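The form deposited in one PDB entry is given below as one chain in structure tokens.
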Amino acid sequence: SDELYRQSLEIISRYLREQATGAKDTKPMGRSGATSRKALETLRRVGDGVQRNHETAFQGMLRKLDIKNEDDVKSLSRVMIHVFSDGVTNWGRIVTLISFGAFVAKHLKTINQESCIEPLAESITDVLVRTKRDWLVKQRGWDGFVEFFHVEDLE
């Protein structure tokens, strides 16, 4: 009955899955799909840009974390919690976490560890929803995400 968790896992897992496999899931999103569809479209636009602009930072972090199996995914959860340890929460940090998740998911697929992608998506969702639920709700959840990353075209 935790709709925020379900919706968050749907968006994050869909992005990690399509990034790792290179194939979009052509099923419609679950109900509340307008918001979820827009969020995944926004996440593609922003997340693809983050991975391209910051590939060097992402490759360096991946190389040092040495992610090989599902135990390393759990270790990554500890690190991800520290993304908010200074008391600051914003959508830039949240999308950076998800973007790195996609970056790692692509790595896991290349090393025949696709079974680790779903645990990775769940871990990212766990950190976001189980430790920053209150902030997410204040933003109107994924609607706030869509509206923040909406680039205004004002002629």
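Residues that one form lacks are left out of the comparison. Whichever C-alpha set is largest while still superposing within 1.5 Å between the two forms counts as the rigid core. Position 1 is the first residue in the sequence shown; the rest follow in order.
The same protein also exists as the form deposited in another entry; that form is not shown, yet it is the one meant from here on.
- With the rigid core aligned between this form and the one not shown, the listed residues 28, 49, 60, 92 include just one Cα displaced by at least 2 Å, namely that of 28.
- In that other deposited form, the Cα positions of residue 7 and residue 85 lie at least 3 Å nearer to each other than in the form displayed.
- Relative to the shown form, the Cα atoms of residue 57 and residue 87 move together by 3 Å or more in that other deposited form.
- Relative to the superposed core, shifted segments between this form and the one not shown, defined as three or more consecutive residues with every Cα moved by 2 Å or more, span 26-31, 78-87.
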